[PDB]
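Accompanying notes for the structure given below.
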Amino acid sequence: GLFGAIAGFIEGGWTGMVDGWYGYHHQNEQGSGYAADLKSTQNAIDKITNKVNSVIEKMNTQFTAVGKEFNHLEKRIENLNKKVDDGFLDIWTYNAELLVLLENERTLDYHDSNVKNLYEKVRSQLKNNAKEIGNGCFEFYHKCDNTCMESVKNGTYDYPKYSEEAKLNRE
Amino acid sequence: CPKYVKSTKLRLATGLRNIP
Amino acid sequence: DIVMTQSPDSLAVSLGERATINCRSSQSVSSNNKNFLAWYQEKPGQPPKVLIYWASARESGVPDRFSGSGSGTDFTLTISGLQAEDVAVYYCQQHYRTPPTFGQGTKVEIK
Amino acid sequence: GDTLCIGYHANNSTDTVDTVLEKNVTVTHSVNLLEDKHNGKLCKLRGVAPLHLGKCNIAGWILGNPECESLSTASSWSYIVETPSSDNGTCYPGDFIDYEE
Amino acid sequence: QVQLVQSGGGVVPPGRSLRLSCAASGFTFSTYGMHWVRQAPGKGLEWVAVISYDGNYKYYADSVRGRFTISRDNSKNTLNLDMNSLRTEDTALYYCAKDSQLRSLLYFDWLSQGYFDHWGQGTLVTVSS
Amino acid sequence: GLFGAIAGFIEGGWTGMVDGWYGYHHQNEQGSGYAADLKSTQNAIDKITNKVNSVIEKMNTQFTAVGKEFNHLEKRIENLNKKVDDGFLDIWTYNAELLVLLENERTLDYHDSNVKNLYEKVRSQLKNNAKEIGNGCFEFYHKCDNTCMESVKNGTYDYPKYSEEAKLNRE
Amino acid sequence: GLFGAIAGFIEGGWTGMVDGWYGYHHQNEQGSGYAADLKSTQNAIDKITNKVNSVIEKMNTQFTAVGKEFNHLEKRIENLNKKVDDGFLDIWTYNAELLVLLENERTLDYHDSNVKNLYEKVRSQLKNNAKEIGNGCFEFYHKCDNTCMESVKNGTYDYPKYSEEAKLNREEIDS
Amino acid sequence: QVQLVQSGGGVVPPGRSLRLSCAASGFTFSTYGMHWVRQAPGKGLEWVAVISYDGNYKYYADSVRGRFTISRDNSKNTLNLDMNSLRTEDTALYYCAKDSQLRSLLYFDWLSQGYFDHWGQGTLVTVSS
Amino acid sequence: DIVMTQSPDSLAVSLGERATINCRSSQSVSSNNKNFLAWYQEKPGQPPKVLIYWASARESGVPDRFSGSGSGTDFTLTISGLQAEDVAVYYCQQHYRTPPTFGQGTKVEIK
Amino acid sequence: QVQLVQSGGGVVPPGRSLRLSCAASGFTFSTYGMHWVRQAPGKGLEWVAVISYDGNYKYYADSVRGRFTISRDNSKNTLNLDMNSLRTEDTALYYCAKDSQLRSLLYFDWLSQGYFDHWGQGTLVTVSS
Amino acid sequence: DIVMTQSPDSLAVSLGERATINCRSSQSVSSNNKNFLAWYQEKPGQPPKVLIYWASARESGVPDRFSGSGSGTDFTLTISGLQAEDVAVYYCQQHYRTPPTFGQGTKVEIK
């Protein structure tokens, strides 16, 4: 977690939301539950499947015959064949292992970045109409109903619509 | 034993950017 | 699911003219320049083969005279120089959510 | 007024590393993945002294060149060492076929 | 050349099971997810079920949820659908399709699946007495 | 210097402290001093020793015999052996250099990550009781003894305890 | 981007400026126009040229003759040579492709990092004297005459001298 | 060994084209940028033009902009300078120089060039009737 | 652009002593702890060769008696033990902007 | 298999030096760290010192600091422990142990070691008049 | 420095039943789902040997009938199926600070 969102300022995930890698939990007078931000996790799914395809498809191996045989009178070239196979084994093992490790670290950092910039988008779209209570949660200064939820998640939240009402409860 | 390389320096950094 | 219907149906034109079929979706389908729609064509007794994929490209094998374009929520199939053995049934398709809701179906027939 | 500060460690290490984006950046701590120090010795590989034939090659030891009858035999060896000045091989001229074999 | 041959359909009365199979050939199978789609008589096509490349995740249409059991196998390259508690509405013409996105990952029940590349020859199923 | 903490909005490190990679500089009416965030840099050396083991120890080799002997009548085989040696030389030097460069950059930016995430934690606490005067230094709006120094070293700051005093002190 | 500054909280790029990667578009009562930042994109050019130099030149290669010839009675050694060359082909193709893709992502992340750092520098430099109106734009709470743009673009903006008029005009805005 | 030789200069009345070629050998030419620089008689040096390693992006000074045309042929390791629209002030001694930053990238009109490593022997160009 | 001036011009000293010439730039040239300045020296009938690059280093083949330093906008070239074969002209050159600008130049010669 | 055998103990009057050394076998030495820890005749065990894998960083306890000296030689597979200015409370049964963490970096003054993997038999060390 | 401690000292316990040994630390020891405790068993006239590492795992050589547990600051050692050769001295230590302090000692002895 280089960006510090997952296992950072958010203590942990939610186990009751199997509907998206990134979601919102909201409660108000007439609604409570877990729902996902469709666009962000859809883009994440597409990018990750492209990443996996990029990792796998770059195998372009033609028809090879690794098995070779040599009798006693040319043990030297048999040792050379063993040397070639051992070297190929070594380079493949080292490169593949470190590639897998680096790719896993980058994937975890990608998910961390998606959580972080989803939080960034929400706070930027919300400004000071809510207090940052912590743990990636927001406490609104005004009545924010279901269409207010849809305004926040869809991206069409309105600043001046609730500004006066928020200022009423802020003093 | 390791593999031979004609490189000169392979220093894997472990510390900060040293800025006194 | 994203309900999706096309307005013109059972259109009948003779040979050589144009036949347009616009197709509407209740919710935005394309995003990030990714137009998620396909058109499918079948004749009676034949499997539905793909006609236009991605709503702008051409699957190799279909005649060049078949083309389509559009973005957002309006997506049109245009036939120029319609030829006799191209009478068939055309289906819309949105592969944006997991349930692919096809259009209720439009049909072309010679005049 | 009371003042807290946020910072990071700093020392006087002259060790430098090279990255993709920049070259010759000093760092506080490092480990060197490449060792360039050799003891200048032929250590026993697998705990076994090499069959150092000195002034004779494989032909001298195996065929029995009289110039190297002095050197004794070992129950085992890991690898065989020849000096570059080893010329006392097949003293009678001929073709020792499959010598490298 | 892709080929999706399928057989096993026929006449059946309501209330008993039915097995369908769609063999695949001419292309690598275990990398492409496969799809099910049906043609009610006098109606349009509609969605049935999907299964991923590895067969780990299995998604269903809203209409036939809990009654259709999708599976695949990669040893013999067959996509099979199981039939539980049929009704007269289930009478249609079954088509086995192939997804387009290579190694498409389906980890949530609404994700953007690819379009249909290639379609099967069709098998006839009737639910009548 | 991607995330911008080290050599970014921090002018430079403190050489007067040796305790940790990610240290503090407290100062109150008693006096000043240097200390280190134990958890963060403990985690840092733990992950970096894991990096060192995953780079060095993972290099997987078994017995090899490189040198081969050939006569003047076997020039083609010797040339093939020379090409093999040069090929593995080229592969190993290329991958070694690029891999160590990438690891250097990733480790430097992990340090940047830790410093910035620590800065963001101390900003997540102390949300409106400190002026961010710059260069990573908080000018506190309330006088508090070392319970608050150790408390921001320690993850248990009490905002409402000094919130009203901070409001009163601000004009 | 992983920082949300390339197609992030700043939506689209600017074709209006030509004098660098990272810049500004400002308008005030006396003038307007693009004004590209100097130091940040200069450092960016330096690091990118070092990056491409490291990617290209760190691969050193000596003289070699990969073309071998064999006769009919030695098909085994011919196939061994073919296997050696083919294996080198696969190693080079994969290592090069993954290097290209990883470095592409790395340099795009670098550019996103640079533009976000520039935005964070201007945001920390201006702070409460300006209002973040989204899309990477600051609206001053005062009418700054000259050296204000210049000091923002080189990180030496004098905060407290403008702060009095900024807070005086602020009271008119936020009650 | 780096070598820079140029020729083709001489006397020219105003208004006719003149072309100069600075051939280079003994070093990797295609991986380095080149420069044009001139010595006005009785005055100091001043910059003329620069071309990058790939030859896509070119730049000129504020005195000869829109009149000169710097060009390059890496297949012959030959630098060229098309030179039109003369005036009497243009008389000077022309040198071809090599930049120091290996494979430097020039993308805008204010970047930092490298220092000049090696220079040509110099050829005389003058503007007289 | 950027202009610079070398205040001693055509200064004359004999063999063995110290010769100092400064270089004041219009704006700052040094960045990230690096000096972007070079010095050049030309003899009559010879192209101007590089003398000191990055204001502190030395081109191989230059005698050790030639040294220079400086930071920010002010730089100095110093001659330790002038020789009679070093009568020449010295130049400043900031390679920081796309118009590299040479100084007006100074001359060193026998007293 | 691991072996930690040491010798060099005996009777030493106060104020005179003493040197201890334990060699190791059966495992790779330069990778793992090494420790010293002492057991008083009746009191119990208490920590003494530690050295890093490369021997660059040498760390002490809070009691024997300024009097002991830790050193190692990876070539001879030998640990060492020199001593200055012993006092009467240095009677113990000196143990040298291993570190479980592979290639651990002991950079700063409070980092966490690993559990002491395997142990030496212990050589007798005492101080008396 | 962090100092370890164990409440039962020289406890007397017979064959076949459970002998619990707790261990209390001055402050927290574990961090990031890792218990930083090790137990040590030694007979008189014998070298100490590592017994339970990370307070939850078992080694090769230590009998299966013997294990341990604990999390946080209180860690327990259980003697299940006591044999006569188990008479020994057991020790705590935290390897969380550079001085790993050991407990003052606990003993098991045949009731």
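Order of writing sets the chain letters: A, B, C, D, E, F, G, H, I, J and K. Residues in each chain are counted from 1.
Throughout what follows, contacts are C-beta pairs under 8 Å (C-beta built on N, C-alpha and C of every residue); 3 or more make two chains touch, one makes a residue touch a chain.
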Graph distance between chain A and chain H, where chains that touch are linked: 2
Chains contacting each of chain D and chain E, listed by label: A
Chains touching both chain D and chain K, listed by label: F, J
Contact pairs, highest-scoring chain pair: D-F
Chain at maximum distance from chain H, centres defined as averaged CA atoms: K
Angle of rotation relating chain E to chain H [CA atoms, steps of 5 degrees]: 120
For chain I paired with chain K, centre-to-centre distance based on mean C-alpha positions, whole Å: 75
Distance between the centres, which are taken as Cα means, of chain C and chain A, whole angstrom: 35
Centroid distance [mean C-alpha coordinates] between chain G and chain E, Å: 47
Where chain D and chain G are represented by their mean Cα positions, the distance between them in whole Å: 46
Sequence positions of chain D contacting 2 or more other chains: 8-12, 17-21, 25, 27, 29, 31, 33, 100
Chain C: positions in contact with at least two other chains: none
Multi-chain contact sites of chain J, meaning residues that touch two or more partners: 105, 107, 109-112
Residue numbers on chain C that touch chain E, as the complex places them: 1, 36, 38, 40, 47-50, 53-54, 91, 93, 95-105
Chain J-touching residues of chain F, taken from the complex the two chains share: 18-21, 36, 38, 41-42, 45, 48-49, 52-53, 56-57
Residue ranges of chain I in contact with chain G within the complex: 31-32
Residues of chain J touching chain K in the complex: 44-47, 50, 59, 61-62, 95, 100, 106, 109-122
Interfacial residue positions of chain D with respect to chain J in the complex: 29, 31, 39
